[PDB]
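Two forms, one chain: they're shown below as C-alpha cells, one block per form, named structure 1 and structure 2.
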Structure 1
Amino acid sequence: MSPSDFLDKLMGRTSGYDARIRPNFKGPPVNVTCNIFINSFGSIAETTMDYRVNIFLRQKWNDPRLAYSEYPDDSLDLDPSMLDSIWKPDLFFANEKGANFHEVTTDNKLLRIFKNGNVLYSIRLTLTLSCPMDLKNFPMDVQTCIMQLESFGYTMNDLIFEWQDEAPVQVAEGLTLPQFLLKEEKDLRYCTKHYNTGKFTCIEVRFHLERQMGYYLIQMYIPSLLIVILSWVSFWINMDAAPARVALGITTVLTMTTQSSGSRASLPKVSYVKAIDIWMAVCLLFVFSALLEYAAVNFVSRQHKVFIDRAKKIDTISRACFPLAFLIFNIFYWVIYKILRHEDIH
C-alpha cells in the first residue's frame, strides 16, 4: 500500500501519538542502550585544558506505541526531517564546553524502527570536552580523558542509560595522534549524579593517552646536555685565560636560564615542580658550580710555588670528577622514572 499513508496513519493525530509522553508513562523506567563510534580525535591542548573529538552516537530503546505488524518489511528506514515527531531522550554531556551539529547537505541524522517497536537513532556530533590533567612527571606522563553522558530532566524512575554488552566503543581504523598513543583498553564505569533536584543517570568512558618522548628529547634534553659539556670544556683551558673562561661561564649560565624559562612556554601555570624543572635546575647548578670553581681557582692563584700546585690540582681533579657525578645523576634520574612510569595506569 502507498508508503505516504502508513507514516501519518501510524504517527498522526488520527493515531493519537504524543511525542511529549514517554513510551510507558507510568511503569518501569525506559532503558536506553548506547554505543559510540570515534571518527577523529585530536586538538589536545594543555593550556585550554581541553580536547576536541568527533563521534557518532547511537541510541536504542523500545517504544510499544510504534509497533507495526501489517507492513511486510521487517525494518524501515526513515527521513531525517521526521525526527521532531518522535520521543527522544534528553542526553547531555557534563564536560561539554563546545558543541555543534552538521548540516552539509542535509541533517546528519539516521532513524530506524523495527517491527517489535525498537528504535535506533544515530547522530553525528563534534564536542570539545574538558579534561583535568596532572602535570607532574610531565615528559613521562599518562593522561586520562573522560566523557560523561547524563540525563538533564528525567530521574531514575523514568530514564536509565546502559552500555552495550558487545563493542560499546570502537575507533576508526588508521587513527593516529602526533604526540600521543591511544591505548586499546577502554574503561566503562557507572556514575550517578546527586543534586537538590533529584537523582539522574550517568555513564562514563575513560581513555588512556601516553605522551611521546621523541620531540622532548630532540628539543630540550639534548641542548641542555650540550651546554653542560660546553661548560665542561672550560676545565681544559689555561687558567690565565680569565676573560675567555669568564665569558664562557656567563654565556653558559645565561643560555641555561633562557632555556629553562622557555621550557614552560606552552603549559598552564601550575604551582608544583615537574621533572623537566628538576632537570633544568640540576643543569643550571652544574654550570654555576663550574663558574664558582674557576672563581675559586683564580682567587687562590693570586695569593702571593705551593699555591701553584694547589690551584693546578683542582683543575686536574675537576677534569675527571665532573663527568662521573653527572653520569651518576643520569643513572638515578632515568631509572626511577621508568619504575614509577611502569606503575599501573589505574
Structure 2
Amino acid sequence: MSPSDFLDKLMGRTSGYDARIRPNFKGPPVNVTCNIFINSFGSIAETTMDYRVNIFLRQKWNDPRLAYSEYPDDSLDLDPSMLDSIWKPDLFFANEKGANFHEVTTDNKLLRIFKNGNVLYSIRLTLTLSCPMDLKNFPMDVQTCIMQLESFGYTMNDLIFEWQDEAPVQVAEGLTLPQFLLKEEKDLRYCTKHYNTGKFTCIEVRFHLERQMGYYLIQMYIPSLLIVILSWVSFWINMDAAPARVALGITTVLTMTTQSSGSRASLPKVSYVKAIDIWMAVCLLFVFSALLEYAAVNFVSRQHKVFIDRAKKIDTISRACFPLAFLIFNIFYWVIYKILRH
C-alpha cells in the first residue's frame, strides 16, 4: 500500500483527526523533548547588542491518535507541504529579533511518525538573538549569551518543555570567532514564567564567551608604557639643556595624544568609562607631570649655590620617585582587573 494513501486514511476527515486539538486534550499535559545542534556562531555586535546563529531544532512528543498497526513499516514520513494537517507545539524564542526558515532546493524540514505514535520533528532555521553586554572592563571581560525556548499560548497544565538527557546542545567542530572564545561548558536552566494567566513553560541555555588580549597587549599597552618610560629620560639630561628637555617633554605628550587618538577608531562606542580609558588617562597624566617637573626645576635655578642645589635635589628625587609610583599604579590596576573579575 502507498504510504501517502495510508497517511491520508490516518489523518483524513474519515479518521476525524483535528490539528487544532492537542494530544490528550482531557488529561495530562504534553511533554516535549528538545535538542539543539549549532552549525554556525558569530556576528556578535555591541552597537545592536545581538548575535547570529544557525541551528538544527528537534522536538519529540507522543500523539496517541497517530498510532498504527496495519502498515508493516515501522516509520512513516510526511510531506513538508502538508505539515499544516498535523498538530505541532507553538514554540518560539523569547529573546529573538529576527528569524527565517531555509528553502534552497527542497524545504529544510522533516517529520516522522512511529508505530507507537511518537513524532520526531526536525527543522533548520537562522536566528538573531539579543544579548545585553556590559563592556565595563572591556579588554578583560566575559559575556554570557542566552537562548530561551518558550510556548506562546499554552500553560503548564497543557504543555511542558524538557531538555534531553544525553546531549541537548551540541556545537560543530572548527568554529572560530574573530574576537571571542566560546567555552565548552554550557548551562541548562528552567526559567519558568509566571503571569496573570498562569505558568508558562520555558527552558534556557547559556554560553560563556571570553575575549582574547594579544592584539590589545601588543598594540596599546606596550607602546604607552614605552612612551611613559621615554618621558623619564629627561631627568638624566643636564638641567641647562632647555631646548632639548622642553622639546622632548612636549613631543612625548604629542606622541601620547596621537597614540590615544589612533586607538579610538578601533574600539566599541559607549558613553561610559572603560579600563583601557583609565589606563590611557593615567599615562597621559604621567607624561603631563613630567613636563611640569622640569618647569619647576628651571625657575628655581634661574632665581638669583643654595638655589642650584635645590634644583638638582628635585631631579635626583624624581629619578626614583616616578618609576615607583608608576609601578604601584600598575600592580593596583592589574590585580583589581585580573582577580576582582568574578
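Residue indices: 1-based, along structure 1. Think of the rigid core as the biggest set of C-alphas that the two forms share within 1.5 Å after superposition.
Core superposition between structures 1 and 2 leaves every listed residue (143, 151, 234, 130) with a C-alpha shift below 2 angstroms except 234. Domain motion between structures 1 and 2: the smaller of two rigid parts turns 18° against the larger, based on C-alpha superpositions. A C-alpha shift of 3.5 Å is found for residue 222 between structures 1 and 2, based on superposition of the rigid core. Superposing the two forms on their core, we find that the Cα atom of residue 251 is displaced by 5.0 Å between structures 1 and 2. Core fit done between structures 1 and 2; CA of residue 60 shifted by 0.4 Å.
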